[PDB]
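Residue numbers (the entry's author numbering), protein chains in the order written: chain A, 152 to 202; chain B, 1 to 101; chain C, 266 to 310; chain D, 266 to 317; chain E, 504 to 552.
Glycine included, each C-beta is placed from N, C-alpha and C at the ideal position.
Dropping the structure here:
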């Protein structure tokens, strides 16, 4: 019983960091778009990597 | 720019820090309670010059703990039983030894 | 026989299991060597 | 006699066959030390050769 | 014992991957230090002009 219960906890743990990952990808969208906007085609290598 | 030296110093510092971390995995090794600690690396912040791949170097983004809860907490109860039922058997052995023959 | 039982029950408390300690002894010796190599390298820098 | 036969059949189902296991044990031991040697030496020489 | 070992499997230092890592990062540190010397040669040449 208890190990299935703990499998249920693992499910919540999985969702938990999914939320934050999605959030930082939104931030990366913002920043990458801004940097290309000023960039005239030049862009940040680091953010393209991180995305 | 002072970039030329700064790239090198950034990488040098990051390497030394990661060295400390992996050491910390070694220095403890045997002692119970510890868990392996792993390290993060990433590009340096964007003083991007005028754009493009002017990345300026690297840094270590902290250290991670290889840690768990849903088997970690589950461990306490098993240890509880280990003590308790073992003791029930062990005390009876305290007595049967005297009175068996 | 009472005394024999007491004698072994004492060992239960006080005595040491050779095998466990020798194993841990060798393992910690290996850990020492690891730590010393670590030190000499890090000082090599 | 039937019991003896039965435990024979049990054995069959679960074998140390000491000799096979320890022969392959030695083989694997040699392979292990070989692979580790490969890592250490090759990695090593190449590092300070390339750095220079 | 089994469950303690299962905890160790994730948590326990494995002592092989870490050793190999110790070597790998020494190489990285050397790479960094040497690169600094190269920049030193570059601005040496610029200075000597």
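On a CA-only basis, which of B/89, B/51 and B/65 is nearest residue 38 of chain B? Give me that one, please. Taking the second chain and counting its residues from 1, the one referred to as residue 38 of chain B is at position 38. When each option's Cα is compared against that of residue 38 of chain B, the closest is B/65.
Give me the chain E residues within the contact set of residue 29 of chain B, using Cβ-Cβ distance strictly less than 7 Å, ordered along the chain. For this step, residue 29 of chain B is matched to residue 29 along the second chain. What residue 29 of chain B touches in chain E: 516 and 518.
Heavy atom of the ligand FMN within 6 Å of residue 506 of chain E beta-carbon: Of the ligands one can find in the structure shown there are none, so the ligand FMN has no counterpart to examine.
Short check: CB of residue 61 of chain B to CB of residue 40 of chain B, under 7 Å? The residue labelled residue 61 of chain B in the question sits at position 61 within the second chain. The residue labelled residue 40 of chain B in the question sits at position 40 within the second chain. Cβ distance < 7 Å, so residue 61 of chain B and residue 40 of chain B count as in contact.
So the candidates are A/152, A/155 and A/164; which of them puts its Cα closest to the Cα of residue 68 of chain B? Position 68 of the second chain, counted from the start, is the residue given in the question as residue 68 of chain B. Among A/152, A/155 and A/164, the Cα nearest to that of residue 68 of chain B belongs to A/164.
Cα separation between residue 49 of chain B and residue 12 of chain B? Along the second chain, read from residue 1 onward, the residue named residue 49 of chain B stands at position 49. Along the second chain, read from residue 1 onward, the residue named residue 12 of chain B stands at position 12. Between the C-alpha atoms of residue 49 of chain B and residue 12 of chain B there is a straight-line separation of about 22 Å.
Span separating the alpha-carbon of residue 195 of chain A from that of residue 532 of chain E: The residue you call residue 195 of chain A lines up with position 44 of the first chain. The residue you call residue 532 of chain E lines up with position 29 of the fifth chain. The straight-line gap from Cα to Cα measures roughly 26 Å.
For residue 46 of chain B, which of helix, strand or coil comes out of DSSP? The count along the second chain starts at 1 and reaches residue 46 of chain B at position 46. Residue 46 of chain B: coil per DSSP, three-state reduction.
Within 8 Å of chain E by C-beta, residues of the stretch 279-312 of chain D in sequence order: 304, 305, 308, 309 and 312
Using 8 Å as the cut-off, can you tell me whether the stretch 166-186 of chain A makes contact with the stretch 510-522 of chain E, which would need three or more C-beta pairs spanning the two stretches below that distance? no
Just checking: is the beta-carbon of residue 95 of chain B within a distance shorter than 7 Å of some beta-carbon in chain E? On the second chain, position 95 is the one that residue 95 of chain B refers to. Taking Cβ atoms only, chain E never reaches closer than 7 Å to residue 95 of chain B, which makes this a no.
Check the Cβ-Cβ distances between residue 530 of chain E and every residue of chain D, and say whether any is below 7 Å. The count along the fifth chain starts at 1 and reaches residue 530 of chain E at position 27. Yes, residue 530 of chain E lies at the interface with chain D (some Cβ there is under 7 Å from its Cβ).
In angstroms with no decimal places, state the Cα-to-Cα distance between residue 274 of chain D and residue 33 of chain B. As a first step, residue 274 of chain D is located in the fourth chain; it is residue number 9 there, counting from the start. As a first step, residue 33 of chain B is located in the second chain; it is residue number 33 there, counting from the start. Approximately 46 Å between the Cα atoms of the pair.
Helix, strand or coil for residue 528 of chain E, going by three-state DSSP, please let me know. For this step, residue 528 of chain E is matched to residue 25 along the fifth chain. If DSSP states are grouped into helix, strand and coil, residue 528 of chain E belongs with the helices.
Residue 2 of chain B by DSSP, collapsed to three states: which one? Your numbering for residue 2 of chain B matches position 2 in the second chain. Looking at residue 2 of chain B - three-state DSSP - the assignment turns out to be coil, as it is neither helix nor strand.
Could you round the C-beta distance between residue 7 of chain B and residue 57 of chain B to whole angstroms and report it? I think they count as a contact, below 8 Å. Counted from its first residue, the second chain places residue 7 of chain B at position 7. Counted from its first residue, the second chain places residue 57 of chain B at position 57. That belief holds up - the Cβ atoms of residue 7 of chain B and residue 57 of chain B are roughly 5 Å apart, short of 8 Å.
Residue 35 of chain B by DSSP, collapsed to three states: which one? For the purposes of this step, residue 35 of chain B is taken as residue 35 along the second chain, with counting starting at 1. It is coil, neither helix nor strand.
State yes or no: is the C-beta of residue 516 of chain E within less than 7 Å of the C-beta of residue 25 of chain B? Taking the first residue of the fifth chain as position 1, residue 516 of chain E is located at position 13. Taking the first residue of the second chain as position 1, residue 25 of chain B is located at position 25. Pairing residue 516 of chain E with residue 25 of chain B gives a Cβ-Cβ distance under 7 Å.
Would you tell me roughly how many angstroms separate the C-alpha atoms of residue 280 of chain D and residue 289 of chain D, rounded to the nearest one? Within the fourth chain, residue 280 of chain D is the residue found at index 15, counting from 1. Within the fourth chain, residue 289 of chain D is the residue found at index 24, counting from 1. The alpha-carbon separation between residue 280 of chain D and residue 289 of chain D amounts to approximately 15 Å.
My understanding is that residue 79 of chain B touches residue 153 of chain A, with C-beta atoms under 8 Å, so please give their C-beta distance in whole angstroms. Counted from its first residue, the second chain places residue 79 of chain B at position 79. Counted from its first residue, the first chain places residue 153 of chain A at position 2. Actually they are not in contact, since the Cβ atoms of residue 79 of chain B and residue 153 of chain A sit about 14 Å apart, beyond 8 Å.
Here's the rule I'm using: 16 or more other beta-carbon atoms within 10 Å means buried, otherwise exposed. How should residue 277 of chain C be labelled? Numbered from 1 along the third chain, position 12 holds the residue referred to as residue 277 of chain C. Classified as exposed, residue 277 of chain C has fewer than 16 neighbouring CB atoms from the shown chains inside 10 Å of its CB.
According to DSSP, simplified to helix, strand and coil, what is residue 40 of chain B? Taking the first residue of the second chain as position 1, residue 40 of chain B is located at position 40. It is a strand residue.
Does residue 60 of chain B have its Cβ less than 7 Å from a Cβ in chain E? As a working mapping, residue 60 of chain B is identified with position 60 in the second chain. Answer no: the Cβ-Cβ gap between residue 60 of chain B and chain E never drops below 7 Å.
Just mark residue 18 of chain B as buried or exposed, buried being the case when its beta carbon has 16 or more other beta carbons within 10 Å. Locating residue 18 of chain B in the second chain gives position 18, counting from the first residue. Result: buried.
What in chain B is Cβ-close to residue 189 of chain A, meaning under 8 Å? For the purposes of this step, residue 189 of chain A is taken as residue 38 along the first chain, with counting starting at 1. Simply 51.
Using a Cβ-Cβ cut-off of 8 Å (strictly less than) and excluding sequence neighbours within five positions of residue 199 of chain A, which residues of its own chain qualify? Here the question's residue 199 of chain A lines up with position 48 in the first chain. Same-chain partners within the cutoff: 183.
Per-residue burial, residue 299 of chain C [other beta carbons within 10 Å of its own, 16 or more giving buried]: To locate residue 299 of chain C, count along the third chain from 1; it is residue 34. Buried is the call here.
According to a CB-to-CB cut-off of less than 7 Å, which residues of the stretch 11-29 of chain B neighbour chain C? 19, 23, 26, 27 and 29
Along chain E, which residues have their Cβ under 7 Å away from the Cβ of residue 35 of chain B? Indexing the second chain from 1 puts residue 35 of chain B at position 35. 514, listed in chain order.
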